[PDB]
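Chain lettering (A, B, C, D, E and F) follows the sequence in which the chains are written, and residue indices restart at 1 in each chain.
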Amino acid sequence: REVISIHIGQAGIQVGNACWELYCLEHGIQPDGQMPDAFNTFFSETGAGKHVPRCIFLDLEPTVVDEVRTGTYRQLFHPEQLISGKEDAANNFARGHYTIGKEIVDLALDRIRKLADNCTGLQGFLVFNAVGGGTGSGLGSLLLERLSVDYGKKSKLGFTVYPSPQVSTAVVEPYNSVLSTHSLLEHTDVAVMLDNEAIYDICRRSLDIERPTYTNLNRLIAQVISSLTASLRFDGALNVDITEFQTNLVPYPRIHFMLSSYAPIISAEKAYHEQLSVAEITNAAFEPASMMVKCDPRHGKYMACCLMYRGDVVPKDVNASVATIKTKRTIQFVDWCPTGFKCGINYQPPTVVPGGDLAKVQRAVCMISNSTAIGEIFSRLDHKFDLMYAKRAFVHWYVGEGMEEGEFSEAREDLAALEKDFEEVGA
Amino acid sequence: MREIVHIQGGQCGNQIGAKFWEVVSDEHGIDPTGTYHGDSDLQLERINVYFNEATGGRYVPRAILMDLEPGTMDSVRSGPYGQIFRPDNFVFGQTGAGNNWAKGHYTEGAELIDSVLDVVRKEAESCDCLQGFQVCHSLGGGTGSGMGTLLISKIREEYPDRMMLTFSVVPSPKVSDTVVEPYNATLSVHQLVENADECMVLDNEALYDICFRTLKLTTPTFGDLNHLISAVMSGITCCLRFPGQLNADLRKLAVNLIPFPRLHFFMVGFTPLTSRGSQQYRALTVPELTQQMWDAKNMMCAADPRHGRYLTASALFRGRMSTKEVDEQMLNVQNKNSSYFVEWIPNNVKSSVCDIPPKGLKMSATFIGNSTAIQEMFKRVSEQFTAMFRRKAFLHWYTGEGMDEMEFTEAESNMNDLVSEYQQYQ
Amino acid sequence: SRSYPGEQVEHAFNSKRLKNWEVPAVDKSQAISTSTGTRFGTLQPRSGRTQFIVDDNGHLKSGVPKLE
Amino acid sequence: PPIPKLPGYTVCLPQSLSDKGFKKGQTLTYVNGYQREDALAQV
Amino acid sequence: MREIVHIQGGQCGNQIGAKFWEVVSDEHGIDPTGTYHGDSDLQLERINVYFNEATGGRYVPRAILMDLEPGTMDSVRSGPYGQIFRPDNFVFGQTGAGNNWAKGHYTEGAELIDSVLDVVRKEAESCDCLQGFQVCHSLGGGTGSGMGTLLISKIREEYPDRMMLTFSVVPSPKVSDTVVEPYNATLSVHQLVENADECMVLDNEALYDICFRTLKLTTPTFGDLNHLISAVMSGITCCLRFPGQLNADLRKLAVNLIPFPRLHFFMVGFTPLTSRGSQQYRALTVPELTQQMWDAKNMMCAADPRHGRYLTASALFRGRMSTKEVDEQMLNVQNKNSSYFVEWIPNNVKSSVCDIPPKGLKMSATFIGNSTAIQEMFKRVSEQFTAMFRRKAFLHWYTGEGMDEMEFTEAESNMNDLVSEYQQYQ
Amino acid sequence: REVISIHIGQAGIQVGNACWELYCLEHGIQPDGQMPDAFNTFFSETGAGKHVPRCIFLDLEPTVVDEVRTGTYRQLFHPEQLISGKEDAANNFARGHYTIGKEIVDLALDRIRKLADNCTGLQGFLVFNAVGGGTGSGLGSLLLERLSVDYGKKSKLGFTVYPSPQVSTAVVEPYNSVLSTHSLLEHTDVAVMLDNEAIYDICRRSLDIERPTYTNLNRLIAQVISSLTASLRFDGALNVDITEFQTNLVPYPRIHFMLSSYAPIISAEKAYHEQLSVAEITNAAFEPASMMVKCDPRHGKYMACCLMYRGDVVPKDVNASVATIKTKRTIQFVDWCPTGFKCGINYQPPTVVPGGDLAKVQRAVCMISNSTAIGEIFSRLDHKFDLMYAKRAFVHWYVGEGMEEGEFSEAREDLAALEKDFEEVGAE
């Protein structure tokens, strides 16, 4: 049971840069690559006493890549697992989808093929990308398309980083995000959104870090990924694997967008101050003040929920909590699903990184739900795509790269059909 | 002589069976290394039913652990009594089901069930006189329900003359583990009413209720729930393994409990179950056992029998007891509650006594009541099924794998006319 | 979503017993149409096969009414 | 010191409040192959 | 053989019950840890009526503690003789009626009485032959009066052929604890006059006067009052637990006291009650018992008997006494004060003797007189009820719980025609 | 059995500071948070050796909340509960009920939500506020409205501080008090009045402090709260929970205003002087010279009375004293309430705070009664409200902050209707 994780772009390989540090720290692997068998889901054992990860960091700018090649983990990552182009994609979906992709993706998928051949019990792929960039969106979409034709039936857990409503580091990112979604619809099996604004909010509220950088964002995202892959790695009283979210959370082939959350995110002060039981952290996982995507699930109605648990949790209290949540009315489901939860329990508590800002808690919850507030997100995103495109702005760059103007029209109508989908499905 | 081949499907079945073989090995005095170390030579004479001698006091279980992922298998092999299973009996897939009954019954079963059948056949003709098969699995998951169901259908096609027990946990709405619980439960029950000989329903709510009201535990880990179900399974097969004043075999129990070929869903209980804080305030008498037996808070199913009528019932007593008190208690509880027992069947209670109590107790019992209140549970499942099927939620992960819609409609008709005939006989 | 009667455990699943302490959701509990009408009750039996309300990919057919 | 196996008699320590950790080992695994694969059970 | 199960409702009921079981426990010589430590054999054979031998000399009381708040239960569990009850018999809630009879009869009873009924039903079928149920509660509080009232109603619906005692304290205006005392008392009495077989009316005003004048205690705590009530209850059922020259069971006393089915509110006394300084100057003869027994200043109710007619009366004596002196004293007391007894019933006094006195004393007595001076207290409450009900004060609290106004009109009608029929037979 | 406390405003959280110091002293909890199970009704034992209270101080001006954050009890309270705004509401009901409340109240009540979720046997809520100020009145009322729509039937003890008749610190506080009472009518279950001039007179006369500060006022208020929750905390011969005042003190669904009083408030040398016994302290709990509200109940008719007793007290003598009170004719009860009393007894005597001014006593009484002197007070207040309202003084502030004149008019006429209600209830 091995899962390989691919990272596309500047954000993708920076999230993986923190994720793989967490993995080596959890399995006791030195940054050299050898211990001083649960690691087998992530690290292939080569020769005698040497563990080389199952990942591909791929990007177009060689800056952050060869920064990894020179940093602390020179020896850990395989020399050729890190794949790097020569010239950037420059926030340009078309440039990263037609010009540069046609030479980088065939080498990448050739590489990932022999990683799958080295693999034995492949569970699925999990991808890491931000749809704001041109690298993450353009050849990210091209790679997912050619992965779906290669394997198809294996799951592709996508943890994307969508642009925030107002906090933004780009201008054309609505164009990029829409054109990326238009392919992330029919390629990704399960797509989880992660907005940097909401993570800024959490870092301010709970961890009381007044000035966080991207590392704290990457660090707690790594905590989330570790918390939903812990069932594969460690044994639990009720474990739930990768290919489960495909069946429990996606009621329709084009409705797959999941609001992730986590609890307890807590500092070293409030942890010592508050009693952490299963009831309140199950409540705290549902309060929109602790979600990873800036939306208001109270404004919508849930479709299905999944609750990963870690640490010291006995089934009586998690089931009693699910009961309490069912009795409350501050949150309400759609009129379809009388069985709206998917419980999962793992024995191992979450680990801490020396230098991290999270305290060590005996238990944690990671909620991956589905609602219609995601339909609210796409409406806001489509409005600011509608503003810019009404005046034909920035279209010149994309047309020059090679996208025909129609791509724009059909991507806009594809989102329009997606709005109708959420509107009718929630009825 | 009479042989019970034990089959464990899926995660629920594998963990319950792990505790089950722990308890059985403890009753027969077999150490976790695999050698006999008991005291009374009563324990030798009836281990052919559950074990096979390998080499010089090396007794191995007659069990088949079948699933798709090694995760449950490795949790089994880690704990004690893990090194006693035969490595050839670990029939085993590699993909994973994913709460998908279609994947567990059409895509993966088609390449795994052949090897499973090879193993279970070899273990069938290894012994002389099969008493029956005994499967423990779940009805919510995919790799337990789907794969277990296809195995049940194939076995019943092969050996139709021997008995068959199905210890299956069922979903509840408030412990709603999977989201496609009705899509799996309805399809599996639709298979169990034409293939299984008799089914014993279990539910986690009734198990929690038992652990908190009778046991009054603080942290009921799954180890204790699986222990409760294990004690029930041991109390069922007790009469084969130890001699009694009134012997009751599995076929003997089935012919007393099943009046009509479709009414074979039993709700089970077990006694005595008392907290360690109140083990000083009680006594151990047959009336005190039977009062705890017929209590509604001691069933292991989420269906109050007081909402319907008991069709038939059975009580398997263990320990040195007096059959006058046994029959008098069953007669009294039958005359005093004249409304909850059906009218056109006199003496609705079958009773039996074995002379070996479980270790550490003086006297125990096991209740198996074929009530009619189980139709409330099937109402609860069928209603949820129609709620989802009207608007076709989650259906495509089944439709794309081979299934049609007529299987769902047929599952509905069989659930609905079955609850119709429960309501008729009530 | 609806919460059905358990008939043995609802005595333990009362919202007040679960430390809810607020006015609970009885929307979920009236939609059942039980026999007694309260949470202690028996459901109604159902017969037949359910036709398809929705079209494919979750879009309500024109004939059936919906809330706007 | 000997204790019965009856339900609820033994209360296990949580073992997660301590730093133990519960890595599970791949003792059952498939062998690299193409269409044909062989299951392997180890000690 | 004959069985009395004990039910304690509310705060006053629970503390009366705690002292009552303390009194019975050394009446039969059992230590607070639950083992026998007495000397005579005559204490052993008659503890089947109150206890159950559990395992190796463990006698647990046959009681059901019942309320809504744990304050009273923990006050019970703290003191000695508190660790003898079985924890399964403690039924408690998380809300509190708060002296709201509507809460204690419509909202909280609705989810607690099911479990209270299961525990009392288990404690009633655990024995063979019920003699009667024995409840101790108040008529001012909510969780004592209200729920105790609902439980009485459900029990009398279930077991109509068995006896039923109710030790209920009623309020006075001078001792006026609850402000809605008349709203609770009137509705509870409206239930007790169709459900309870007989009610032994107590009140705290008379108890204060007794510990003031007679006992000459300086600071009478509630413990001593609860000790008075418990010695009364012990004197009531001494004849069941101990052999006598003239036995008298509860049903025997009921038929002898109650001439008409609605006139079953008894005023109670107890003797000897003498100050420790004045114990030296007295003698111990049956005249010395009856001269204190028939005193109006020794009844435990606020109903002066010389204001009305004694309908019937009963006296339970304990100790080795001469029946000729017993019956002659009963005859003399009847012949002197001849106007205070009803005319159309000759020899208005039932009398009985037991041979075992309370430990430490040579002779004791218990008086249960059914007079018509009790309509003083019922009017004393009825006028207060209609005084509040003309202005509809405090009514929203009762109405909001779903109680209507016609319940109050029926309650007042039952109170009024009841005192009308006492005035008739006076 | 638990009960949680919310404090709205400057006075609110100062009284709460006194209260929580008192509770720590009563349960032996060192200020750093750990002892060197009765506490379970106020503190939740977190982890191992740590007790966090069931309270939230919420306030708009940051000064006093930061003062608490840096005070002695930095460790006791935990920094996620002290809700502090940036700028004040500034003696302005409109600013505190429409402008700033609508941003702060959601966070406030969503903290209350998870406090109650941690709770198990919730008896009720209790709110602490002075209605003269801006935040405690305005967003106090807002919080009570949304709290009642969130919970509904639970008891909410409101220990409010009204402005004294002649001694006063603010000018628009009549407007504030009227607009606060208009909602305190239909949202509070049981509302206790506490003026400051009466407490000043008490401290001058009994405790003979001629120059008292607010700590003494808050200290005796905390003593009162402790005395009426000691029945929940410690075992008594006759205990009474919080939900009982809900039933036994409010005859009609709009008349819930309770005069509170306490006895014996006695200094050390006068305690050396006088013998303390139940009869005379019960007598002392009934004169106007020992009530917390500057009104004369001689002019009123008692509707009901609740008497909490603490310490070395037996029921026989409280019966005797209640008897003699009912016999004396200086005070009279209303016609339709014959049984106007409710006794309650608790064993543990009231403690002392070191540096406090009250001496340790064998026994004490806390009376919560109901009369028509409050119907007198509300008319005395409506007078000086109509004074300023006739010329529309200060109305521009509220109208600019977001109200209109209709709300002023409806609050005024609502208090008029309440006056008529008191008249008709007092009428035999």
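By our rule, a residue touches a chain if its C-beta (ideal position, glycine included) is under 8 Å from a C-beta of that chain, and two chains touch if they have at least 3 such contacts.
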More contacting C-beta pairs: A-C or E-F?
E-F
Please work out the Cα centroid separation of chain C and chain F, and write it as a whole number of Å.
44
Centre-to-centre distance between chain C and chain B (centres being mean Cα positions), rounded to whole Å:
29
With centres defined as the mean C-alpha position, give me the chain A-chain B separation in Å.
41
How far is the middle of chain B from the middle of chain D, if each middle is the mean of its Cα atoms, in Å?
23
Send over the residues of chain B in touch with two or more other chains.
70-71, 74-75, 78, 94, 173-174, 208, 211-212, 219, 221, 275, 297, 391, 393
By the touch definition above, chain C meets two or more other chains at residues 2-4, 13, 19-20, 22-23, 58, 60
Find every residue in chain F that makes contact with two or more other chains and list them.
117-118, 120
Taking all chains into account, which pairs touch?
A-B, A-C, A-D, A-F, B-C, B-D, B-E, C-E, C-F, E-F
Residues of chain C touching chain F in the complex:
19-23
Within their complex, state which residues of chain A touch chain D.
1, 27, 37-38, 40, 120-121, 233-236, 311-312, 347-349, 362
Spell out the part of chain E that touches chain F in their complex, as residue ranges.
11, 69-72, 74-75, 78, 94, 96, 98-100, 171, 173-182, 204-205, 208, 211-212, 219-222, 384, 387-388, 390-391, 393-394, 396-397
Using the touch definition from the top, list the residues of chain A that touch chain C in their complex.
251-255, 279, 302, 320, 323-324, 326-329, 332-335, 337-338, 340, 420-421, 424-425, 427
Under the definition above, what is the set of chain B residues touching chain C in their complex?
172-174, 205-206, 208-209, 212, 296-297, 299, 302-304, 307, 373, 375-376, 379-380, 382-383, 386, 389-393, 409, 412-413, 416-417, 419-420, 423
